[PDB]
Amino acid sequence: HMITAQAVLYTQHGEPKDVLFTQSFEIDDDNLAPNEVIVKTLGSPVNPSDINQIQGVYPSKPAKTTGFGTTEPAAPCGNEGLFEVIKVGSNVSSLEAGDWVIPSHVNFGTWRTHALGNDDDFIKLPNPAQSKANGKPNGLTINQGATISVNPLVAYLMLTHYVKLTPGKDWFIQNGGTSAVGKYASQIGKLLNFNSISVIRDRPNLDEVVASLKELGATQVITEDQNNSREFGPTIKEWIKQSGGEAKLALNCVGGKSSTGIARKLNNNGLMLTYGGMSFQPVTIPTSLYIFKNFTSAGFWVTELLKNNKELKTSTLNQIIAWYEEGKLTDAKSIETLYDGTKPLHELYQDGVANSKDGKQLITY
């Protein structure tokens, strides 16, 4: 009657290859408070913020506790994930066994096999049987459920919450075009009828990558060299002139020369949202853009925007679910690794960290 679980913890900040370890703990299914719930993990991803959190440079972090049975206070890892409800308490009515859920708050700890929480720690997603019962053509996959709460919401809110782009006319431009976030943004731009330019780094198979992004929804795809080119500017001005619209919004997750390049390409009174810094270079803007072109440069942080705005989180999440159920939105694919007990859980996540350069990593159970 006792469940054995595993959790990935750390007692001090550092590099994941140095500080992470696995802790065994036990959950009692026969002694649940009226409002308590037991969930079983189906999958959880490795995202850049999860790593910064372990490193000690992310300013939103779970508290360290002895709640997993350690002598020293330890913090769990992972902020998003997909879970299946095993059992509910006497007073729980919003959930039942077999339901799919995600955490309702950050800092929950998702790099583990099981969790004990209250009903209000979770948000219910439709599982495939419930989607089918409502007549929808598709139900979510594990990867779509386990990654729905961050990257799709980031892309949707940056496109719709700050500048109103006229459908069929106006443009946005984004760097980091091959990222998971960049790929959701191209799809959402397409579904809302926005034009867009994606900036990516050059590669030998460039033609296949351009074709993939255009199928996802980018209108044009350029390299960072063309982004740096004064000779190439006029052709970007011509794209925009023929649409009848303006370039009003810039999305930056790189920094450095890349952030300067996409800023220069906006029309007057443009806005840039910085949500990332993959290059480790700061944002650099010439003085003449601010004064003579009325350029504005601001920030975006989804964790801080949704803290006390449940309504905005809910309706954005419902729109993403609806697009998945109708087949109009596809997920950024993951490289999956199944935990089966022959290898400590913390080493699967250490491998995911080390191989993130190959693309988004997902641990499944």
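Residue positions are given as counts along the sequence shown, with the first one as 1.
- Per-stretch averaging of Cα B factors for 117-125 and 176-184 places 117-125 on top.
- A summary of the deposited B-factors shows that, of 146-154 and 87-95, the stretch with the larger mean C-alpha value is 87-95.
- As recorded in the PDB entry, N35 shows the highest C-alpha B-factor of the residues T296, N35, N47, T316.
- Residue-level temperature factors show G352 in the lowest third of its chain, judged at the C-alpha atom.
- For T4, the recorded CA temperature factor ranks within the highest third of the chain's modelled residues.
- The entry lists a Cα temperature factor for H161 that places it in the lowest third of the chain's modelled residues.
- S288 sits in the middle third of its chain by CA B factor, as recorded in the PDB entry.
- When the modelled residues of the chain are ordered by C-alpha B-factor, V210 sits in the lowest third.
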